[PDB]
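As stored in upload_2.txt (compact mmCIF, C-alpha atoms and all ligand atoms):
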```txt
# COMPACT_ATOMS: atom_id res chain seq x y z
CA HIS A 1 -16.96 6.98 10.31
CA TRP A 2 -14.75 4.00 9.58
CA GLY A 3 -11.36 3.51 11.18
CA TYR A 4 -9.26 0.89 12.96
CA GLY A 5 -10.65 1.06 16.50
CA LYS A 6 -12.74 -1.43 18.43
CA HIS A 7 -16.04 0.10 17.34
CA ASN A 8 -15.28 1.21 13.78
CA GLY A 9 -12.61 -1.24 12.62
CA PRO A 10 -12.37 -3.77 9.79
CA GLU A 11 -15.06 -6.01 11.31
CA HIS A 12 -17.56 -3.12 11.05
CA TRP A 13 -16.78 -1.87 7.54
CA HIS A 14 -19.29 -4.13 5.77
CA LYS A 15 -22.23 -2.16 7.22
CA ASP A 16 -21.35 0.98 5.25
CA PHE A 17 -19.41 -0.83 2.47
CA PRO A 18 -21.09 -4.17 1.74
CA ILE A 19 -18.43 -5.00 -0.87
CA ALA A 20 -16.23 -5.71 2.17
CA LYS A 21 -17.62 -9.26 1.86
CA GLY A 22 -17.10 -9.38 -1.90
CA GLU A 23 -15.44 -11.88 -4.19
CA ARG A 24 -12.02 -10.21 -4.67
CA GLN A 25 -11.17 -8.43 -1.40
CA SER A 26 -7.67 -7.54 -0.19
CA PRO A 27 -5.36 -8.16 1.54
CA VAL A 28 -4.92 -11.96 1.48
CA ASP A 29 -2.53 -14.51 2.84
CA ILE A 30 0.05 -15.54 0.24
CA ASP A 31 0.46 -19.32 0.54
CA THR A 32 3.88 -19.70 -1.09
CA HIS A 33 3.46 -23.41 -1.77
CA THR A 34 0.08 -22.92 -3.50
CA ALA A 35 1.07 -19.92 -5.63
CA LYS A 36 1.92 -21.14 -9.13
CA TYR A 37 4.91 -19.99 -11.14
CA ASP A 38 3.58 -18.42 -14.34
CA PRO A 39 6.29 -18.34 -17.06
CA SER A 40 4.14 -16.04 -19.21
CA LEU A 41 4.51 -13.25 -16.63
CA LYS A 42 6.88 -10.54 -17.80
CA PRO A 43 9.42 -8.73 -15.65
CA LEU A 44 8.04 -5.70 -13.87
CA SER A 45 8.94 -2.33 -15.36
CA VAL A 46 9.32 0.37 -12.70
CA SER A 47 10.17 3.70 -14.38
CA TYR A 48 10.56 6.20 -11.52
CA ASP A 49 13.52 8.27 -12.78
CA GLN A 50 11.24 11.24 -13.57
CA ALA A 51 8.99 10.97 -10.50
CA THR A 52 7.76 14.32 -9.16
CA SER A 53 6.72 14.20 -5.50
CA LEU A 54 4.71 17.16 -4.24
CA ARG A 55 3.25 16.82 -0.77
CA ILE A 56 2.88 14.57 2.25
CA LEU A 57 -0.54 14.37 3.91
CA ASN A 58 -1.80 12.84 7.15
CA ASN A 59 -5.34 11.83 6.15
CA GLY A 60 -6.36 10.29 9.47
CA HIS A 61 -5.73 6.66 8.45
CA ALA A 62 -2.15 6.81 7.07
CA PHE A 63 0.16 9.37 5.48
CA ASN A 64 0.32 9.73 1.70
CA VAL A 65 3.32 10.97 -0.24
CA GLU A 66 1.62 12.46 -3.32
CA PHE A 67 3.07 12.75 -6.82
CA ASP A 68 2.35 14.77 -9.94
CA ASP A 69 0.30 12.34 -12.05
CA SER A 70 -0.77 14.84 -14.73
CA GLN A 71 1.84 13.37 -17.12
CA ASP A 72 3.59 10.03 -17.63
CA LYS A 73 6.50 10.68 -15.26
CA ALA A 74 6.56 7.71 -12.86
CA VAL A 75 4.95 4.62 -14.36
CA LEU A 76 4.55 0.93 -13.68
CA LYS A 77 4.23 -1.44 -16.65
CA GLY A 78 4.89 -5.03 -17.56
CA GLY A 79 4.49 -7.87 -15.13
CA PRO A 80 0.84 -8.96 -15.35
CA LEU A 81 -0.27 -5.54 -16.56
CA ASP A 82 -1.53 -4.39 -19.93
CA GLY A 83 -0.80 -0.75 -20.51
CA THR A 84 0.64 2.03 -18.42
CA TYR A 85 -0.12 2.87 -14.80
CA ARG A 86 0.87 6.24 -13.30
CA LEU A 87 2.12 6.62 -9.73
CA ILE A 88 -0.22 8.87 -7.75
CA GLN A 89 0.85 8.27 -4.12
CA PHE A 90 2.45 5.84 -1.73
CA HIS A 91 1.65 5.12 1.90
CA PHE A 92 2.28 2.52 4.59
CA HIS A 93 0.39 0.32 7.02
CA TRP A 94 2.12 -0.56 10.27
CA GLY A 95 1.69 -2.09 13.69
CA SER A 96 1.97 -1.18 17.34
CA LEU A 97 4.58 -3.97 17.66
CA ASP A 98 7.24 -5.22 15.26
CA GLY A 99 5.41 -8.58 15.03
CA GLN A 100 2.44 -7.13 13.14
CA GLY A 101 1.51 -4.36 10.78
CA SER A 102 1.48 -5.72 7.26
CA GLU A 103 -1.77 -6.33 5.42
CA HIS A 104 -0.71 -9.16 3.17
CA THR A 105 0.87 -12.09 4.96
CA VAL A 106 3.26 -14.73 3.63
CA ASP A 107 2.49 -18.24 4.86
CA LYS A 108 0.61 -16.45 7.69
CA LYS A 109 3.75 -14.44 8.57
CA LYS A 110 3.07 -10.78 9.42
CA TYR A 111 5.71 -8.15 8.70
CA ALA A 112 6.23 -4.95 10.72
CA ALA A 113 4.77 -2.78 7.95
CA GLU A 114 3.78 -2.74 4.29
CA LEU A 115 4.41 -0.06 1.67
CA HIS A 116 1.79 0.51 -1.04
CA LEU A 117 2.77 2.35 -4.22
CA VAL A 118 -0.53 3.18 -5.89
CA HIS A 119 -0.80 3.53 -9.71
CA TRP A 120 -3.78 4.12 -12.00
CA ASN A 121 -4.37 2.91 -15.54
CA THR A 122 -3.95 5.85 -17.92
CA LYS A 123 -6.54 4.51 -20.34
CA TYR A 124 -9.18 5.70 -17.84
CA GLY A 125 -7.99 9.32 -17.81
CA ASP A 126 -8.02 10.02 -14.07
CA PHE A 127 -7.83 8.20 -10.74
CA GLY A 128 -11.52 8.70 -9.92
CA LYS A 129 -12.57 6.94 -13.12
CA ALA A 130 -9.91 4.25 -12.73
CA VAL A 131 -11.15 3.02 -9.34
CA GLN A 132 -14.49 2.24 -11.00
CA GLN A 133 -12.81 -0.33 -13.29
CA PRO A 134 -11.71 -3.92 -12.58
CA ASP A 135 -8.27 -3.16 -14.04
CA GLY A 136 -8.14 0.45 -12.89
CA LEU A 137 -5.30 0.31 -10.36
CA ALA A 138 -1.98 -1.46 -9.89
CA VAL A 139 -0.62 -1.37 -6.35
CA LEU A 140 2.96 -2.42 -5.71
CA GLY A 141 3.20 -3.87 -2.20
CA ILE A 142 6.53 -4.10 -0.38
CA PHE A 143 7.06 -5.63 3.04
CA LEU A 144 9.11 -3.94 5.77
CA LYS A 145 11.01 -5.87 8.43
CA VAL A 146 12.86 -4.30 11.35
CA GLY A 147 16.66 -4.51 11.20
CA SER A 148 19.05 -2.17 9.41
CA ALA A 149 17.85 1.31 8.52
CA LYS A 150 16.59 2.09 5.02
CA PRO A 151 18.49 5.26 4.03
CA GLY A 152 15.99 6.23 1.35
CA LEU A 153 13.18 6.22 3.91
CA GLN A 154 14.74 8.74 6.29
CA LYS A 155 13.50 11.87 4.49
CA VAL A 156 9.96 10.53 5.01
CA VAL A 157 10.60 9.74 8.68
CA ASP A 158 12.02 13.19 9.34
CA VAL A 159 9.02 15.14 8.02
CA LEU A 160 6.45 13.22 10.10
CA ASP A 161 6.75 15.66 13.02
CA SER A 162 5.23 18.33 10.78
CA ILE A 163 2.14 16.25 9.88
CA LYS A 164 1.43 14.73 13.28
CA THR A 165 -2.36 15.03 13.16
CA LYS A 166 -5.22 14.37 10.73
CA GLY A 167 -5.55 16.95 7.97
CA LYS A 168 -2.00 18.31 8.21
CA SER A 169 0.16 18.40 5.08
CA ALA A 170 3.68 19.52 4.21
CA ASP A 171 5.62 20.27 1.05
CA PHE A 172 7.51 17.15 0.02
CA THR A 173 9.28 17.75 -3.28
CA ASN A 174 12.20 15.93 -4.87
CA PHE A 175 11.68 12.64 -3.03
CA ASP A 176 12.92 9.66 -5.04
CA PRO A 177 10.77 6.54 -4.49
CA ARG A 178 13.49 4.36 -6.03
CA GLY A 179 15.19 4.49 -2.63
CA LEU A 180 12.34 2.42 -1.17
CA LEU A 181 12.70 -0.64 -3.50
CA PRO A 182 14.40 -3.94 -2.63
CA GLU A 183 17.05 -5.42 -4.92
CA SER A 184 14.85 -8.07 -6.54
CA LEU A 185 11.56 -7.37 -8.35
CA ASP A 186 10.32 -10.98 -8.06
CA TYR A 187 6.63 -10.80 -7.18
CA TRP A 188 3.31 -12.52 -6.56
CA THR A 189 0.21 -11.16 -8.26
CA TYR A 190 -3.54 -11.58 -7.89
CA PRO A 191 -6.72 -9.55 -8.54
CA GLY A 192 -8.02 -7.70 -5.47
CA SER A 193 -9.35 -4.50 -3.92
CA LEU A 194 -8.49 -1.33 -2.10
CA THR A 195 -7.77 -2.31 1.48
CA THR A 196 -9.59 0.69 2.97
CA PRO A 197 -13.12 1.90 2.31
CA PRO A 198 -14.55 2.15 -0.28
CA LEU A 199 -12.86 -1.28 -0.77
CA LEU A 200 -13.46 -1.09 -4.53
CA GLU A 201 -12.49 -4.20 -6.47
CA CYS A 202 -10.26 -2.37 -8.92
CA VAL A 203 -6.67 -3.43 -8.08
CA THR A 204 -4.11 -5.71 -9.68
CA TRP A 205 -1.93 -6.51 -6.69
CA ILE A 206 1.81 -6.94 -7.27
CA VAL A 207 3.52 -7.92 -4.00
CA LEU A 208 7.31 -8.13 -3.97
CA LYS A 209 8.87 -11.26 -2.49
CA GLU A 210 11.90 -9.45 -1.01
CA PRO A 211 11.18 -7.18 1.98
CA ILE A 212 13.14 -4.02 2.70
CA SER A 213 14.75 -3.52 6.09
CA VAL A 214 13.99 -0.46 8.21
CA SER A 215 15.34 0.37 11.62
CA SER A 216 13.44 0.17 14.89
CA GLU A 217 13.92 3.96 15.19
CA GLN A 218 12.37 4.50 11.77
CA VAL A 219 9.21 2.50 12.50
CA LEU A 220 9.09 4.01 16.00
CA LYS A 221 8.60 7.40 14.38
CA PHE A 222 5.68 6.06 12.30
CA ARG A 223 4.02 5.14 15.61
CA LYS A 224 4.21 8.73 16.90
CA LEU A 225 1.69 9.92 14.32
CA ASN A 226 -1.92 10.56 15.37
CA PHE A 227 -5.24 9.36 13.95
CA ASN A 228 -6.95 12.37 15.54
CA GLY A 229 -6.96 16.00 14.50
CA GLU A 230 -5.07 18.71 16.35
CA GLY A 231 -6.72 19.63 19.62
CA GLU A 232 -8.52 16.28 19.91
CA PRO A 233 -7.64 13.52 22.39
CA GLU A 234 -4.48 11.81 21.22
CA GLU A 235 -4.85 8.39 19.63
CA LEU A 236 -1.62 7.00 18.20
CA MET A 237 -1.70 6.00 14.53
CA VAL A 238 -0.78 2.31 14.93
CA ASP A 239 -2.29 -0.95 13.65
CA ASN A 240 -3.84 0.76 10.62
CA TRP A 241 -3.93 -2.56 8.73
CA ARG A 242 -6.78 -4.73 7.45
CA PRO A 243 -6.34 -8.45 8.19
CA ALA A 244 -6.25 -11.10 5.50
CA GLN A 245 -9.54 -11.74 3.66
CA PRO A 246 -10.83 -14.98 2.12
CA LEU A 247 -9.14 -15.86 -1.17
CA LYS A 248 -12.37 -17.34 -2.61
CA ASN A 249 -12.11 -18.07 -6.36
CA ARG A 250 -8.64 -16.61 -6.97
CA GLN A 251 -5.19 -17.94 -7.80
CA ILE A 252 -2.02 -16.16 -6.74
CA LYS A 253 0.65 -16.35 -9.45
CA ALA A 254 4.41 -16.10 -8.90
CA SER A 255 6.87 -14.47 -11.28
CA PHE A 256 9.68 -16.71 -10.02
CA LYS A 257 10.49 -20.36 -9.34
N1 LIG B 301 -4.40 0.53 0.95
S1 LIG B 301 -4.70 0.63 -0.72
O1 LIG B 301 -5.36 -0.58 -1.23
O2 LIG B 301 -3.44 0.71 -1.47
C1 LIG B 301 -5.78 2.03 -1.10
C2 LIG B 301 -5.41 3.12 -2.11
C3 LIG B 301 -6.26 4.10 -2.34
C4 LIG B 301 -7.59 4.14 -1.57
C5 LIG B 301 -8.65 5.21 -1.78
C6 LIG B 301 -8.99 6.04 -0.82
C7 LIG B 301 -10.08 7.08 -1.09
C8 LIG B 301 -10.68 7.12 -2.26
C9 LIG B 301 -10.29 6.13 -3.36
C10 LIG B 301 -9.35 5.24 -3.13
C11 LIG B 301 -7.90 3.19 -0.72
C12 LIG B 301 -6.93 2.05 -0.47
ZN ZN B 302 -2.57 0.65 1.52
```

Could I get this structure in the form of structure tokens?
Ligand SMILES: NS(=O)(=O)c1ccc(-c2ccccc2)cc1
Ligand SMILES: [Zn+2]
Amino acid sequence: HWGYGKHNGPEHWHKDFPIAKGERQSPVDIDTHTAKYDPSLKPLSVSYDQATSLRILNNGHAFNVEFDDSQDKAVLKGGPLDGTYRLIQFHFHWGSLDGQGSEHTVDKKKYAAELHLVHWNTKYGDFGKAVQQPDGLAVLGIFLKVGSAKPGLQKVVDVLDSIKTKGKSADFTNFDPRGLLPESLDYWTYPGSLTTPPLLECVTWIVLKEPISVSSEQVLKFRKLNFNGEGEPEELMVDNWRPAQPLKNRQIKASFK
């Protein structure tokens, strides 16, 4: 089964998932001098005031904070998007060292981690149908650098002890994802894919220019998670990121000068 190790990592995924070598794979390097300002791009609309978090799950490749997406409660709209996308979950990718961990890079710079807020297009009815569509998902990507602590992240950090191993979950209600956003919503956008198998080419990527800061202690606690299940040999959940993929016939657009 796929993973991030030497024998099952990103370089192997194409054997089970041939779309890994496709025409709109993610992540990519964001070349800031080649991205073009697009004045027709609208401001992002992040409406999270009514978000309803439910659960946090260690799925063996990251941890997901899951939301109630059975109504329009937490939605992303505007920017490059047509229509309404519902928040279903967020998760992170991170490194074994502060110098790596993000999936997207900015002028080849790697950040310590990257947050993905995953939304699906409500015109397709459910997430499973949405991932089968070229405009099925909108993922909001936010970089993390190590410095000052992010207060709104601490409730996530503090529950990780209870979901140490693959397949463990914990109640996680009343978490407000607005505490994870930077001040500015300036962004780059391009058409891409899920960054884990099945690597479906169904995502409008919206990557914020401004990173959030998290403390060394906060990201340290990410690195105490396990890829393995309970009672299996311990393998730390670190470096669960896919490296940058070829941009091919795509243009990255910027919302800002
Ligand atoms: N890292 S990501 O691009 O935001 C991503 C989100 C959901 C999924 C996923 C996992 C299982 C089934 C369908 C989609 C994969 C990747
Ligand atoms: Zn992700």

Counting all atoms listed in the file, which residues sit no farther than 9 Å from the position (9.0, 4.2, -5.4) in the file's frame? I'd like them as a list in words.
residues 46, 48, 51, 74, 87, 90, 117, 140, 176, 177, 178, 179, 180 and 181 of chain A

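For ligand LIG 301 (chain B), the neighbouring protein, DNA and RNA residues, which are those within 8 Å when all atoms listed in the file are counted, are residues 26, 90, 91, 92, 93, 116, 117, 118, 128, 131, 139, 193, 194, 195, 196, 197, 198, 199, 200 and 203 of chain A.
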
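Near (-4.4, 20.2, 14.3), the residues inside the 7 Å limit, counting only C-alpha atoms, come to residues 165, 166, 168, 229, 230 and 231 of chain A.
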
Would you please work out which residue, of A:105, A:84, A:255, A:50, is nearest to residue 137 (chain A) when using all atoms listed in the file?
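That would be A:84, the residue with the smallest distance to residue 137 (chain A).
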
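From CA of residue 108 (chain A) back to CA of residue 29 (chain A), the distance works out to 6.1 Å.
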
Selection near residue 154 (chain A), 10 Å with all atoms listed in the file, sequence-local residues under 5 positions removed, as a PyMOL selection string
chain A and resi 149+159+179+214-215+218

From the list A:143, A:37, A:188, A:241, which residue is nearest ligand ZN 302 (chain B) when using all atoms listed in the file?
A:241

Pick from A:103, A:201, A:161, A:239 nearest to ligand ZN 302 (chain B), counting all atoms listed in the file:
A:103

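Between ligand ZN 302 (chain B) and the residues A:82, A:234, A:66, A:114, the shortest atom-to-atom distance, using only C-alpha atoms and all ligand atoms, involves A:114.
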
Top pick for closest residue to residue 244 (chain A), considering A:97, A:192, A:86, A:152 and counting only C-alpha atoms
A:192

Using all atoms listed in the file, which of the listed residues (A:226, A:245, A:45, A:102) sits closest to residue 59 (chain A)?
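Closest candidate: A:226.
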
At a cut-off of 10 Å, using all atoms listed in the file, what residues contact residue 251 (chain A)? Leave out same-chain residues fewer than 2 positions from it and give the result as an MDAnalysis selection string.
chainID A and resid 30 34:36 189:191 247:249 253:254
